[PDB]
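The chain below stands alone and is given as structure tokens, in the form deposited in one PDB entry.
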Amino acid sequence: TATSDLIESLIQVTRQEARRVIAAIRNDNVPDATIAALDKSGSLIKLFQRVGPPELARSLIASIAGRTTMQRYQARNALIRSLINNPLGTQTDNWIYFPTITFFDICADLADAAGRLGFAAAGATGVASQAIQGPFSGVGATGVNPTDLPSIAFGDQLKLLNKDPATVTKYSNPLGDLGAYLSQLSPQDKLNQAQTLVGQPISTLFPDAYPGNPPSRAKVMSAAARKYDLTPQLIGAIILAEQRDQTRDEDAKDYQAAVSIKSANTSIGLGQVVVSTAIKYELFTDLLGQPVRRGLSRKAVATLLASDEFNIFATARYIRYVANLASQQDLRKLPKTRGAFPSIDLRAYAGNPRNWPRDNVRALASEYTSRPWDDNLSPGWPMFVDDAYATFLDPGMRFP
């Protein structure tokens, strides 16, 4: 192929040469044929060996794994062979909890899933908030990945370990009175937050797994909605509520505590999914195949929860789980639930949110922030999520 020829002609290369080769692989119309040619000539292994440092290797590997099908396993083998004298591979920086071949496999599965589920294509571009303090300063607002945040100061790590109240408070949910938080925002302020949240590109740990630029969060949310018979308005409401009750500091703690020596069971990312819960309910089922999933370390799971597409899918899958569970309950056994949400319709939960009473959205909100269907309810989360939902119902809000 033209691409394999170009690559062989350029065969550590400079950063310029590497970016050229990667660009060529990504613009290739016949990725499989190109890989076959390179595998035959023996130049593929050379490509993998000569493209470093890890940043560039990640781009190359993600591109190849994502675009190949008939030749993907030969590519994987060539990569493996190239790693014989390079134990480090792509296992650095944000990706230190992914063995290099796991990185390859994640990129492959994700590309396939984005294609299959309908969130591969880009189209939004911006724009993110510049906030770094206060409510709505987490990744939902800012697009700054929790894995990119600077290490928390050592002394703060120690005080957090010892449960020092001031320090714990600094790194925890910023909101007390939820009603008051909402009442200070105009309807336009609220729409602005929702649009900022869903309109910006996903903050992803695997950008080159996509055929082009990463998709908007809205595109991924619509895909998840289709997969789990939800709506992007509902997924959006749950996430916007979480992200209002989120700061940059909390993002830093959420992730760093999860991957520390303590392996903390924090709620992480857009939908604030708990690590052990992602594991227990296999919340990445529809993006990653069983072999990858069975291989993932706990810290790899936490890290994935910091990647927006994995998090959105996990969030949606969990929402559908909570709804299905509700649809199996006996309302007579949930008198407090009936008291708080007297128009709740448990059977309706089995179907699409377009047909749920609003009391169903309120109840599910309680049972997303807390243990689900135990008849113990959050007094404030239902109204908080319901306000977000109302915002997403605004005709100014459009999803793919």
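Residue indices: 1-based, along the sequence shown. C-alpha atoms forming the largest set that superposes within 1.5 Å between two forms make up the rigid core.
Per the record, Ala24 and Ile25 are directly connected, with no deposited-sequence residue omitted between them. The stretch with the higher mean CA B factor, choosing between 115-123 and 295-303, is 115-123. Higher mean CA temperature factor between 331-339 and 55-63: 55-63, per the PDB entry.
Per the PDB entry, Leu88 shows the highest C-alpha temperature factor of the residues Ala223, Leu197, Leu88, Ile319. The entry lists C-alpha B-factors for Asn352, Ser366, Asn360, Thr68, and the highest of these is at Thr68. Annotation for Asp345: CA B-factor lies in the middle third of the chain's modelled residues. Compared with the other modelled residues of the chain, the Cα B-factor recorded for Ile96 ranks in the highest third. For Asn162, the recorded CA B-factor ranks within the highest third of the chain. Only modelled residues enter the ranking. When the CA B factors of the chain's modelled residues are split into thirds, the value for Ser378 lands in the lowest one. Ranked by Cα temperature factor within the chain, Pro174 sits in the lowest third according to the deposited record.
What comes next is about the form deposited in another entry, which does not appear here.
Of the candidates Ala180, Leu161, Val127, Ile261, the Cα that moves 2 angstroms or more after core superposition between the shown form and the other one belongs to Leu161 alone.
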